[PDB]
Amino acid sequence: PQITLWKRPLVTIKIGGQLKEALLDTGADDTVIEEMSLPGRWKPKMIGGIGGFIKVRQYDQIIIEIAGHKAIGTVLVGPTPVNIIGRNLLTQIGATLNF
């Protein structure tokens, strides 16, 4: 698909058996999801955004389905105001910015 940018580029994802709405975010290195449980090992991380830093849990090797496309990668879980799909997963679904 081609997604215009007149509105936020929101998509449905499936993660951890749950459906969520998330923003396709070329400005995000990593994927950051609101509080939820995920299986397996995690480690803490601090990540900076516009308003300073938040503490997150880093889960590696998490499968995800983004607007129907599967991939796998690291997911950060914590108190983000928006669920964001970052470049680490956008690459895997073949997303590009075109102009």
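From 1 onward, residues are counted along the sequence shown.
Taking only CA atoms, the mean B-factor in the PDB entry is higher for 13-21 than for the other of 13-21 and 72-80. For the pair 62-70 and 45-53, the mean Cα B-factor is higher in 62-70. In the PDB entry, a CA B factor belonging to the lowest third of its chain's modelled residues is recorded for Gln92.
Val32: CA B factor lies in the lowest third for its chain, per the PDB record.
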